[PDB]
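Data file: entry_2.txt. Format and content: compact mmCIF, C-alpha atoms.
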# COMPACT_ATOMS: atom_id res chain seq x y z
CA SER A 1 6.69 13.72 -39.74
CA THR A 2 2.97 13.25 -39.26
CA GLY A 3 0.52 10.52 -38.29
CA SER A 4 -3.19 9.99 -38.91
CA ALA A 5 -5.37 7.27 -37.35
CA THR A 6 -9.07 6.57 -37.32
CA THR A 7 -10.80 6.43 -33.95
CA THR A 8 -13.96 4.34 -33.58
CA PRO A 9 -16.72 4.35 -30.94
CA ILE A 10 -16.69 1.19 -28.81
CA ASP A 11 -20.49 0.90 -28.76
CA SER A 12 -23.72 2.47 -29.99
CA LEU A 13 -23.62 5.21 -27.31
CA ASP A 14 -20.09 6.50 -28.01
CA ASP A 15 -19.10 5.50 -24.47
CA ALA A 16 -15.44 5.70 -25.53
CA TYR A 17 -13.34 5.63 -28.69
CA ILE A 18 -10.57 3.20 -29.66
CA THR A 19 -7.65 3.83 -31.97
CA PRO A 20 -5.30 1.11 -33.30
CA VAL A 21 -1.69 1.39 -32.10
CA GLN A 22 1.28 -0.69 -33.27
CA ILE A 23 3.62 -1.79 -30.47
CA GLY A 24 6.84 -3.74 -30.85
CA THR A 25 8.64 -5.67 -33.57
CA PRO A 26 6.94 -7.37 -35.32
CA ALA A 27 4.02 -5.06 -34.67
CA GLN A 28 1.40 -6.03 -32.13
CA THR A 29 -1.71 -3.95 -32.80
CA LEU A 30 -3.77 -3.00 -29.74
CA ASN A 31 -6.86 -0.77 -29.67
CA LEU A 32 -6.19 1.99 -27.16
CA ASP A 33 -8.35 4.70 -25.61
CA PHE A 34 -6.61 8.01 -26.39
CA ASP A 35 -7.02 10.08 -23.24
CA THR A 36 -6.13 13.78 -23.14
CA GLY A 37 -6.90 13.68 -19.40
CA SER A 38 -4.04 11.34 -18.40
CA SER A 39 -0.40 10.72 -19.26
CA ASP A 40 0.30 6.97 -19.12
CA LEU A 41 0.42 4.60 -22.10
CA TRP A 42 -0.59 1.31 -20.52
CA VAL A 43 -1.69 -1.99 -22.00
CA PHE A 44 -3.20 -5.33 -21.18
CA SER A 45 -0.31 -7.75 -21.45
CA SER A 46 1.02 -11.25 -21.00
CA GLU A 47 1.75 -10.10 -17.42
CA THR A 48 -1.86 -9.18 -16.59
CA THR A 49 -3.47 -11.38 -13.93
CA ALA A 50 -5.25 -14.01 -16.02
CA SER A 51 -8.61 -13.69 -14.25
CA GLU A 52 -8.59 -9.96 -15.07
CA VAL A 53 -8.34 -10.49 -18.84
CA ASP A 54 -11.65 -11.06 -20.65
CA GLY A 55 -11.39 -10.67 -24.42
CA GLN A 56 -8.77 -7.93 -24.68
CA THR A 57 -5.83 -8.15 -27.02
CA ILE A 58 -2.59 -8.34 -25.03
CA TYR A 59 0.93 -7.04 -25.57
CA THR A 60 3.56 -9.77 -25.13
CA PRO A 61 6.93 -8.07 -24.70
CA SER A 62 8.87 -11.35 -24.96
CA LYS A 63 7.70 -11.58 -28.59
CA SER A 64 9.02 -8.11 -29.45
CA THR A 65 12.65 -7.91 -30.48
CA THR A 66 12.72 -4.20 -29.62
CA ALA A 67 11.17 -4.48 -26.14
CA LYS A 68 13.41 -3.77 -23.15
CA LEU A 69 12.44 -3.98 -19.49
CA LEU A 70 12.80 -0.57 -17.86
CA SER A 71 14.59 -1.86 -14.81
CA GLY A 72 12.99 -1.07 -11.48
CA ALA A 73 10.15 0.97 -12.96
CA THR A 74 6.58 0.54 -11.79
CA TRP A 75 3.34 2.44 -12.35
CA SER A 76 -0.06 2.75 -10.69
CA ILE A 77 -2.93 4.96 -11.74
CA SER A 78 -6.42 5.76 -10.51
CA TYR A 79 -8.90 7.53 -12.77
CA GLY A 80 -11.70 9.96 -11.99
CA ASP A 81 -14.30 7.26 -12.54
CA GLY A 82 -12.83 5.07 -9.80
CA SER A 83 -11.06 2.60 -12.08
CA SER A 84 -7.37 1.75 -11.74
CA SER A 85 -4.47 -0.30 -13.04
CA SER A 86 -0.79 -0.92 -12.22
CA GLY A 87 2.27 -2.86 -13.31
CA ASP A 88 5.82 -2.62 -14.66
CA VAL A 89 7.35 -0.90 -17.67
CA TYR A 90 9.02 -1.68 -20.99
CA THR A 91 10.38 0.59 -23.65
CA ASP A 92 9.46 -0.34 -27.21
CA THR A 93 8.65 1.08 -30.63
CA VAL A 94 5.15 2.55 -30.85
CA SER A 95 3.46 3.76 -34.02
CA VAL A 96 0.17 5.60 -34.46
CA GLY A 97 -1.20 6.14 -37.93
CA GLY A 98 2.26 5.97 -39.50
CA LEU A 99 4.06 8.11 -36.89
CA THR A 100 6.74 6.13 -35.04
CA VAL A 101 8.37 6.73 -31.65
CA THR A 102 11.28 4.56 -30.59
CA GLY A 103 11.95 4.03 -26.89
CA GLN A 104 8.39 4.81 -25.81
CA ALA A 105 7.47 3.75 -22.28
CA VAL A 106 4.85 1.02 -22.59
CA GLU A 107 3.36 0.35 -19.18
CA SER A 108 2.43 -3.32 -18.87
CA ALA A 109 -0.50 -4.05 -16.57
CA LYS A 110 -0.13 -6.68 -13.90
CA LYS A 111 -3.48 -5.65 -12.35
CA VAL A 112 -6.54 -3.86 -13.71
CA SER A 113 -9.83 -3.00 -11.99
CA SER A 114 -13.12 -4.66 -12.85
CA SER A 115 -14.30 -1.87 -15.17
CA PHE A 116 -11.33 -2.50 -17.45
CA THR A 117 -11.74 -6.29 -17.37
CA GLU A 118 -15.42 -5.92 -18.23
CA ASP A 119 -14.72 -3.81 -21.31
CA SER A 120 -13.41 -6.25 -23.88
CA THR A 121 -13.02 -3.53 -26.54
CA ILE A 122 -10.34 -1.43 -24.79
CA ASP A 123 -6.84 -2.91 -24.74
CA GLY A 124 -5.30 -0.02 -22.78
CA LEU A 125 -4.96 3.76 -22.67
CA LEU A 126 -2.69 6.19 -24.49
CA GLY A 127 -2.33 9.33 -22.42
CA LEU A 128 -2.13 12.72 -24.12
CA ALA A 129 -2.15 15.12 -21.14
CA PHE A 130 1.12 16.65 -19.95
CA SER A 131 3.96 14.34 -18.97
CA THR A 132 4.05 15.84 -15.46
CA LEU A 133 1.07 13.54 -14.68
CA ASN A 134 2.84 10.34 -15.75
CA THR A 135 2.84 7.84 -12.86
CA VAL A 136 6.00 5.83 -13.60
CA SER A 137 8.32 5.59 -10.59
CA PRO A 138 11.12 6.22 -9.79
CA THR A 139 11.76 7.86 -13.17
CA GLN A 140 8.76 9.63 -14.71
CA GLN A 141 8.22 8.90 -18.41
CA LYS A 142 7.08 10.98 -21.37
CA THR A 143 3.86 10.64 -23.34
CA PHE A 144 3.80 9.50 -26.95
CA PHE A 145 3.09 13.08 -28.03
CA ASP A 146 5.90 14.54 -25.92
CA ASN A 147 8.33 12.01 -27.43
CA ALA A 148 7.12 12.66 -31.00
CA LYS A 149 6.80 16.42 -30.78
CA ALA A 150 10.24 17.52 -31.96
CA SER A 151 9.95 15.33 -35.07
CA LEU A 152 6.48 16.52 -36.03
CA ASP A 153 5.95 19.03 -38.85
CA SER A 154 4.07 21.15 -36.27
CA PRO A 155 3.93 20.41 -32.52
CA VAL A 156 0.20 19.65 -32.46
CA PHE A 157 -2.34 16.90 -32.47
CA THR A 158 -6.02 17.12 -33.32
CA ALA A 159 -9.10 15.26 -32.14
CA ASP A 160 -12.04 14.92 -34.53
CA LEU A 161 -14.43 12.58 -32.76
CA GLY A 162 -17.57 11.34 -34.51
CA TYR A 163 -21.13 11.19 -33.29
CA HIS A 164 -22.13 7.55 -33.63
CA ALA A 165 -19.42 7.30 -36.31
CA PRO A 166 -15.65 7.03 -36.70
CA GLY A 167 -13.39 10.06 -36.51
CA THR A 168 -9.70 10.91 -36.62
CA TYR A 169 -6.65 11.68 -34.49
CA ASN A 170 -3.94 13.52 -36.44
CA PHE A 171 -0.42 14.26 -35.26
CA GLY A 172 1.77 17.01 -36.64
CA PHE A 173 -0.65 18.82 -38.95
CA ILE A 174 -4.02 20.53 -39.12
CA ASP A 175 -6.35 19.12 -41.79
CA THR A 176 -7.98 22.28 -43.10
CA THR A 177 -10.66 20.20 -44.86
CA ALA A 178 -11.91 18.73 -41.56
CA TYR A 179 -13.73 21.77 -40.17
CA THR A 180 -15.88 24.70 -41.23
CA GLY A 181 -15.11 28.37 -40.62
CA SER A 182 -12.08 29.25 -38.53
CA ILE A 183 -10.34 27.70 -35.54
CA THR A 184 -10.59 29.84 -32.41
CA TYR A 185 -7.62 29.44 -30.10
CA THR A 186 -7.83 29.91 -26.36
CA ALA A 187 -5.32 29.93 -23.49
CA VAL A 188 -4.29 26.79 -21.60
CA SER A 189 -3.05 26.36 -18.05
CA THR A 190 -0.78 23.37 -17.58
CA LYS A 191 -0.58 23.86 -13.80
CA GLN A 192 -2.64 20.74 -13.03
CA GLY A 193 -1.14 18.74 -15.93
CA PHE A 194 -4.30 18.98 -18.03
CA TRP A 195 -5.41 20.79 -21.17
CA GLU A 196 -7.21 23.27 -18.92
CA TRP A 197 -8.97 26.27 -20.43
CA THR A 198 -11.80 28.72 -19.73
CA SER A 199 -15.03 28.67 -21.71
CA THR A 200 -16.71 32.04 -22.11
CA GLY A 201 -20.26 30.84 -21.41
CA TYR A 202 -23.20 28.82 -22.60
CA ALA A 203 -26.69 28.72 -24.07
CA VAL A 204 -29.48 26.16 -23.83
CA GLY A 205 -31.37 25.48 -27.04
CA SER A 206 -32.35 28.69 -28.80
CA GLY A 207 -31.96 30.64 -25.55
CA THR A 208 -29.79 33.68 -24.98
CA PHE A 209 -26.08 33.20 -24.39
CA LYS A 210 -24.92 33.59 -20.79
CA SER A 211 -21.47 35.11 -20.56
CA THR A 212 -19.68 33.42 -17.67
CA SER A 213 -16.21 31.94 -17.23
CA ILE A 214 -16.16 28.14 -16.93
CA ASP A 215 -12.75 26.64 -16.20
CA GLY A 216 -12.45 23.04 -17.29
CA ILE A 217 -10.39 20.41 -19.08
CA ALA A 218 -10.54 19.07 -22.63
CA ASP A 219 -10.69 15.34 -21.91
CA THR A 220 -11.15 12.79 -24.68
CA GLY A 221 -11.09 9.99 -22.11
CA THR A 222 -14.26 11.17 -20.34
CA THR A 223 -17.57 10.28 -22.00
CA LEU A 224 -19.82 13.08 -20.75
CA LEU A 225 -19.87 16.85 -20.27
CA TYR A 226 -19.51 17.78 -16.57
CA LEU A 227 -20.35 21.40 -15.73
CA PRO A 228 -21.32 23.46 -12.67
CA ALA A 229 -24.62 22.55 -11.05
CA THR A 230 -26.18 25.91 -11.97
CA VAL A 231 -25.48 25.37 -15.68
CA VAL A 232 -26.66 21.76 -15.64
CA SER A 233 -29.89 22.66 -13.82
CA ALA A 234 -30.60 25.35 -16.41
CA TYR A 235 -30.18 22.79 -19.20
CA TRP A 236 -32.36 20.04 -17.74
CA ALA A 237 -35.08 22.52 -16.72
CA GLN A 238 -35.82 22.75 -20.46
CA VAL A 239 -36.64 19.01 -20.67
CA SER A 240 -40.08 18.01 -19.38
CA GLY A 241 -39.82 15.33 -16.76
CA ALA A 242 -36.04 15.49 -16.33
CA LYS A 243 -34.76 15.09 -12.79
CA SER A 244 -31.60 14.41 -10.86
CA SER A 245 -31.68 10.89 -9.49
CA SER A 246 -29.37 10.06 -6.61
CA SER A 247 -30.16 6.36 -7.08
CA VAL A 248 -29.14 6.38 -10.75
CA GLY A 249 -26.26 8.81 -10.25
CA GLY A 250 -27.25 11.90 -12.20
CA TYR A 251 -29.82 13.55 -14.40
CA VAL A 252 -32.25 11.28 -16.18
CA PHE A 253 -35.01 12.20 -18.61
CA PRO A 254 -37.95 10.55 -20.34
CA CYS A 255 -36.75 8.64 -23.37
CA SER A 256 -39.69 10.19 -25.29
CA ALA A 257 -38.14 13.67 -24.98
CA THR A 258 -36.62 15.74 -27.74
CA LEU A 259 -33.46 17.24 -26.16
CA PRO A 260 -32.43 20.84 -26.74
CA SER A 261 -28.95 21.68 -27.99
CA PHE A 262 -26.25 23.08 -25.73
CA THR A 263 -23.85 25.80 -26.84
CA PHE A 264 -20.50 26.55 -25.22
CA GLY A 265 -18.28 29.57 -25.81
CA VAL A 266 -14.69 29.55 -27.01
CA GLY A 267 -13.65 33.19 -26.91
CA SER A 268 -16.17 34.97 -29.12
CA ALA A 269 -16.90 31.72 -31.00
CA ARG A 270 -19.64 29.21 -30.24
CA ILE A 271 -19.73 25.41 -30.46
CA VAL A 272 -23.20 23.87 -30.68
CA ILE A 273 -23.78 20.38 -29.26
CA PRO A 274 -26.94 18.96 -30.90
CA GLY A 275 -29.55 17.60 -28.51
CA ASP A 276 -29.14 14.04 -29.74
CA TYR A 277 -25.49 14.06 -28.59
CA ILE A 278 -26.80 14.43 -25.01
CA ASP A 279 -28.84 11.19 -25.11
CA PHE A 280 -27.10 8.21 -23.45
CA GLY A 281 -30.07 5.90 -23.70
CA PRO A 282 -32.02 3.79 -21.24
CA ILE A 283 -30.62 3.62 -17.71
CA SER A 284 -31.11 -0.16 -17.86
CA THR A 285 -32.25 -2.36 -20.71
CA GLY A 286 -35.89 -1.73 -21.56
CA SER A 287 -36.29 1.31 -19.31
CA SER A 288 -38.09 4.43 -20.51
CA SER A 289 -35.79 6.57 -18.34
CA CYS A 290 -32.73 7.76 -20.24
CA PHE A 291 -29.37 8.94 -18.93
CA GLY A 292 -28.28 12.49 -19.65
CA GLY A 293 -25.03 13.47 -21.33
CA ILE A 294 -24.65 16.72 -19.39
CA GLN A 295 -24.05 16.13 -15.68
CA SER A 296 -22.95 18.12 -12.65
CA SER A 297 -19.27 18.42 -11.85
CA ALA A 298 -20.06 19.20 -8.21
CA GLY A 299 -17.85 16.98 -6.08
CA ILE A 300 -15.55 16.12 -9.01
CA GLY A 301 -13.63 19.29 -8.26
CA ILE A 302 -13.18 20.18 -11.93
CA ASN A 303 -15.36 20.79 -14.96
CA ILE A 304 -14.77 18.32 -17.80
CA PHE A 305 -15.34 18.94 -21.48
CA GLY A 306 -15.57 15.25 -22.33
CA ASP A 307 -16.57 13.52 -25.54
CA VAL A 308 -20.12 14.96 -25.59
CA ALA A 309 -18.59 18.42 -26.05
CA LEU A 310 -15.46 17.56 -28.01
CA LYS A 311 -17.24 15.50 -30.66
CA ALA A 312 -19.19 18.63 -31.67
CA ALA A 313 -15.89 20.27 -32.67
CA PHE A 314 -12.59 19.89 -34.45
CA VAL A 315 -10.13 20.32 -31.56
CA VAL A 316 -6.48 21.36 -31.81
CA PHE A 317 -4.14 20.44 -28.96
CA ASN A 318 -1.30 22.87 -29.62
CA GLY A 319 1.86 21.73 -27.84
CA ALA A 320 3.99 24.74 -28.71
CA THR A 321 6.22 26.18 -25.99
CA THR A 322 3.14 27.96 -24.67
CA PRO A 323 0.35 25.43 -25.25
CA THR A 324 -3.10 26.50 -26.47
CA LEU A 325 -6.35 24.81 -27.51
CA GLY A 326 -8.24 25.46 -30.72
CA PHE A 327 -11.89 24.74 -31.50
CA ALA A 328 -13.73 24.85 -34.82
CA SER A 329 -17.22 23.84 -35.84
CA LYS A 330 -17.45 21.01 -38.37
What is this file in structure tokens?
Amino acid sequence: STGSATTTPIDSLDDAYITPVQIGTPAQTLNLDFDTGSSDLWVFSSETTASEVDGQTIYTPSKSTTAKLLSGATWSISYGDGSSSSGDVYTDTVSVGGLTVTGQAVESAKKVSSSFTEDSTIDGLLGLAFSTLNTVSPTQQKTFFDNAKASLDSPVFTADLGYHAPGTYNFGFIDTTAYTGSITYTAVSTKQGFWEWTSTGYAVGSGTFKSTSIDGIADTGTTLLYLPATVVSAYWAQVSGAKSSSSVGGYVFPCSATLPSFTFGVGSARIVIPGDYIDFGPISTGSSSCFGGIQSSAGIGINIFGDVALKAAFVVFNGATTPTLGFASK
């Protein structure tokens, strides 16, 4: 089997991407944030504290003839950005782009943090990291991909995120029309539960390539590109007037700037992030100071190849017995 679904930016900055997901019988369609950095499929629901729901579409398990309470199971998750959610668990039928999993754990939120409430466009998350990170207790549950994998034509999914435009998540096949050149595959460590890999270096604009190993994670659920402070300083030094602002929370730059591109290495291959992908717009409405899309990972504890990087590529998440990651230009 295969599946194919369009993923759409939630706003004009590509702050996140939402993908429609069918849950239950009859189907209830929720728009979920596909997150290769976590491993829980959780949704706003009829159980979510009413004051914490503000415009989201909810899953109502009592209206699904295939929903079953997973007795005694609870979940609770905290994300790198400080947000969190928790609740109880159902199993139900879940379909993405025509690919169906029966008995998928659907984690129903009883509580969500303010950041989730305040984002009316995201109805929940669909985790695509390794199932070892799943938070369900006392019996850990599998991700949608892990459940689907054996049925897929090939044990893979691909992320093809758009810049200020829709893109695609495919399951079970590689669309050879969706990229240019070849896909370069690179090793993955699953030791921390992530799609963790090592970039071979970087360049800023038309500058020379610096060969240096950068360990990090391919994370569709993180907006920006978080890299070591040395790398980030080298990038922003090429933008007149750019500075790191402790008050704002990172590098800012004059909105009048033309940003240089940023290249990262995948083996001997190179992925070029155009400068415009690194512009996250005014820090506050009407400001002429703009927020940068490349930020320091110092004090995160891990480098993160978030959407800024991934949307410059066609990315293969290869879930073979020994997982790997593939990157192609597009």
Checklist entry - Which polymer residues have any atom within 6 Å of an atom of residue A:5, counting only C-alpha atoms, with same-chain residues fewer than 4 positions away left out, as JSON, numbers by chain? => result {"A": [97, 168, 169]}
Item to check | Contacts of residue A:255 at 10 Å (only C-alpha atoms; same-chain gap of 3+ positions) as a PyMOL selection string | outcome: chain A and resi 241-242+252+258-259+279-283+287-291
Item to check | For residue A:223, the nearest of the candidates A:80, A:193, A:254, A:323, counting all atoms listed in the file | outcome: A:80
Next on the checklist: Using all atoms listed in the file - which residues lie no farther than 7 Å from the point (-5.5, -4.6, -25.3) in the file's frame? Write them as number ranges by chain.
Outcome noted: A: 30-32, 43-44, 56-59, 122-124
List the neighbours of stretch 300-311 of chain A out to 8 Å using all atoms listed in the file; skip same-chain residues closer than 2 positions along the sequence, and give me the result as a compact mmCIF listing (two decimals) with C-alpha atoms, in the coordinates of the input.
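Output (out-v9.txt):
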# COMPACT_ATOMS: atom_id res chain seq x y z
CA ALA A 16 -15.44 5.70 -25.53
CA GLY A 80 -11.70 9.96 -11.99
CA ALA A 159 -9.10 15.26 -32.14
CA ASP A 160 -12.04 14.92 -34.53
CA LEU A 161 -14.43 12.58 -32.76
CA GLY A 162 -17.57 11.34 -34.51
CA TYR A 163 -21.13 11.19 -33.29
CA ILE A 214 -16.16 28.14 -16.93
CA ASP A 215 -12.75 26.64 -16.20
CA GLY A 216 -12.45 23.04 -17.29
CA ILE A 217 -10.39 20.41 -19.08
CA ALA A 218 -10.54 19.07 -22.63
CA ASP A 219 -10.69 15.34 -21.91
CA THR A 220 -11.15 12.79 -24.68
CA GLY A 221 -11.09 9.99 -22.11
CA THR A 222 -14.26 11.17 -20.34
CA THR A 223 -17.57 10.28 -22.00
CA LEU A 224 -19.82 13.08 -20.75
CA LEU A 225 -19.87 16.85 -20.27
CA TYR A 226 -19.51 17.78 -16.57
CA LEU A 227 -20.35 21.40 -15.73
CA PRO A 228 -21.32 23.46 -12.67
CA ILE A 273 -23.78 20.38 -29.26
CA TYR A 277 -25.49 14.06 -28.59
CA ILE A 278 -26.80 14.43 -25.01
CA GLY A 293 -25.03 13.47 -21.33
CA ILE A 294 -24.65 16.72 -19.39
CA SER A 297 -19.27 18.42 -11.85
CA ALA A 298 -20.06 19.20 -8.21
CA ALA A 313 -15.89 20.27 -32.67
CA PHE A 314 -12.59 19.89 -34.45
CA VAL A 315 -10.13 20.32 -31.56
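Distance annotation: of A:170, A:8, A:86, A:285, the residue with the minimal separation from residue A:98 is A:170; atom set is all atoms listed in the file.
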Checklist entry - Looking at only C-alpha atoms, which of A:131, A:208, A:85, A:284 is the one that sits closest to residue A:143? => result A:131
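Among the candidates A:172, A:319, A:61, A:205, the residue lying nearest to residue A:25 is A:61 (atoms considered: all atoms listed in the file).
Using all atoms listed in the file, the shortest contact distance between residue A:135 and any of A:120, A:38, A:147, A:6 is found at A:38.
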Checklist entry - So, counting only C-alpha atoms, which residue among A:271, A:133, A:328, A:21 is closest to residue A:177? => result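 Using only C-alpha atoms, the shortest distance to residue A:177 belongs to A:328.
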Checklist entry - atom CA of residue A:33 and atom CA of residue A:325 are how many Å apart? => result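 Taking atom CA of residue A:33 and atom CA of residue A:325, their separation equals 20.3 Å.
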Checklist entry - Within 10 Å of residue A:132, counting all atoms listed in the file, which residues qualify if same-chain residues fewer than 2 places away don't, as a list in words? => result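 Contacts, in chain order: residues 38, 39, 129, 130, 134, 135, 140, 141, 142, 143, 190, 191, 192, 193 and 194 of chain A.
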For C-alpha atoms, I'd like the residues from the last selection saved as an mmCIF file, in the coordinates of the input.
data_model
loop_
_atom_site.group_PDB
_atom_site.id
_atom_site.type_symbol
_atom_site.label_atom_id
_atom_site.label_comp_id
_atom_site.auth_asym_id
_atom_site.auth_seq_id
_atom_site.Cartn_x
_atom_site.Cartn_y
_atom_site.Cartn_z
ATOM 1 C CA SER A 38 -4.040 11.340 -18.400
ATOM 2 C CA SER A 39 -0.400 10.720 -19.260
ATOM 3 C CA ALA A 129 -2.150 15.120 -21.140
ATOM 4 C CA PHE A 130 1.120 16.650 -19.950
ATOM 5 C CA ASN A 134 2.840 10.340 -15.750
ATOM 6 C CA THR A 135 2.840 7.840 -12.860
ATOM 7 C CA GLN A 140 8.760 9.630 -14.710
ATOM 8 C CA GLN A 141 8.220 8.900 -18.410
ATOM 9 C CA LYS A 142 7.080 10.980 -21.370
ATOM 10 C CA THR A 143 3.860 10.640 -23.340
ATOM 11 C CA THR A 190 -0.780 23.370 -17.580
ATOM 12 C CA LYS A 191 -0.580 23.860 -13.800
ATOM 13 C CA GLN A 192 -2.640 20.740 -13.030
ATOM 14 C CA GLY A 193 -1.140 18.740 -15.930
ATOM 15 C CA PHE A 194 -4.300 18.980 -18.030
#
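The space between atom CA of residue A:116 and atom CA of residue A:136 spans 19.6 Å.
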Next on the checklist: Please report the interatomic distance between atom CA of residue A:76 and atom CA of residue A:47 in Å with one decimal.
Outcome noted: 14.6 Å
Checklist entry - Can you list, as a list in words, every protein, DNA or RNA residue that comes within 9 Å of residue A:212 when you count only C-alpha atoms, leaving out same-chain residues fewer than 3 positions away? => result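 Within the cut-off, the hits are residues 199, 200, 201 and 202 of chain A.
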Item to check | Local residues around (-39.3, 20.7, -24.1), at most 12 Å away, using all atoms listed in the file, as a list in words | outcome: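 Those within range, by chain then number, are residues 204, 205, 206, 235, 236, 237, 238, 239, 240, 241, 242, 253, 254, 256, 257, 258, 259, 260, 261 and 275 of chain A.
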